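Chemist:
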Amino acid sequence: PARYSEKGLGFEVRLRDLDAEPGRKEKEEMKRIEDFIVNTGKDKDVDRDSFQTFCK
DNA sequence: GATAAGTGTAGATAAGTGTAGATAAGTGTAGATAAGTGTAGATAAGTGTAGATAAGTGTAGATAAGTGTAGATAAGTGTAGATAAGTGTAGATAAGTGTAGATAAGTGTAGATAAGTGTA
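Counting from 114, one number per residue, gives the positions in the first sequence under PDB author numbering.
1) Would you call the CB atoms of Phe-164 and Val-151 closer than 8 Å?
2) Alpha carbon to alpha carbon, what distance is there between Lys-169 and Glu-134?
3) Using CA atoms only, rank isn't needed, just tell me which of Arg-127, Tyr-117, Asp-162 and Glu-119 is closest to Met-143.
4) Within its chain, find whatever has a CB closer than 7 Å to the CB of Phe-124; leave out the 5 residues flanking it on each side and keep chain order.
5) With a cut-off of 8 Å on the beta carbons, I'd call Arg-161 and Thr-153 a contact; round off their distance for me.
Below, the structure is given as structure tokens:
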């Protein structure tokens with residue numbers, strides 16, 4: 114995720130419209146979806162592929 | 001004390017100015033062509049007039065912007081326990097200062113050579 118990467122390089126989950134401002138729950142849902150992608154799943158599990166392994 | 005900078009003094013040539021004559025600048029004068037203006041006719045700018053199409057506005061119906069209303073999840077806050085920040089307290093070493101003796105900075109003092117100035 115770019116969110117945690119100070120150089121901004123990575124991926125992000127975003128609202129579609131550039132003009133919208135995200136609601137209080139939407140900002141958290143977007144962070145959850147990012148985390149889900151990183152973990153490739155709901156829970157953390159070292160036995161599962163990371164997103165890096167998936168992409169490779 | 002010895003020489004030559006610095007000034008007054010005497011003569012020889014050519015700058016500097018007045019004077020006299022020869023040519024052509026500078027101005028008035030007379031004639032010949034074509035600038036400059038008034039005058040007459042021919043074409044097409046400039047304006048009013050009449051008809052033909054489509055800008056411009058009001059009117060009527062169909063879909064979906066815009067708002068109120070009802071339910072489901074998870075932001076947001078108070079409450080209870082577990083570890084380690086944060087402070088006081090006791091002992092061990094070495095910063096920090098006063099104190100004692102050895103060497104050489106720091107100053108006064110005596111004599112020799114040469115800038116330092118007057119003089120010929």
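Heads up, the beta-carbon is just placed ideally off N, CA and C, and yes, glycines get one too.
Modeler: To lay it out plainly:
1) Translated into the one-based positions of the first sequence, residue 164 becomes position 51. Translated into the one-based positions of the first sequence, residue 151 becomes position 38. Yes, Cβ-Cβ distance for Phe-164 and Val-151 is below 8 Å.
2) Counting from 1 along the first sequence, the entry for residue 134 is found at position 21. Counting from 1 along the first sequence, the entry for residue 169 is found at position 56. If I take the Cα positions, the gap works out to 34 Å.
3) Taking the first sequence and counting its residues from 1, one reaches residue 143 at position 30. For the residues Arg-127, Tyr-117, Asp-162 and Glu-119, the minimum Cα distance to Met-143 belongs to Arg-127.
4) Counting from 1 along the first sequence, the entry for residue 124 is found at position 11. Result list for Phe-124: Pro-114 and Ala-115, in chain order.
5) Within the first sequence, numbered from 1, the residue matching residue 161 stands at position 48. Within the first sequence, numbered from 1, the residue matching residue 153 stands at position 40. Contact flag correct, Cβ pair sits at about 6 Å.
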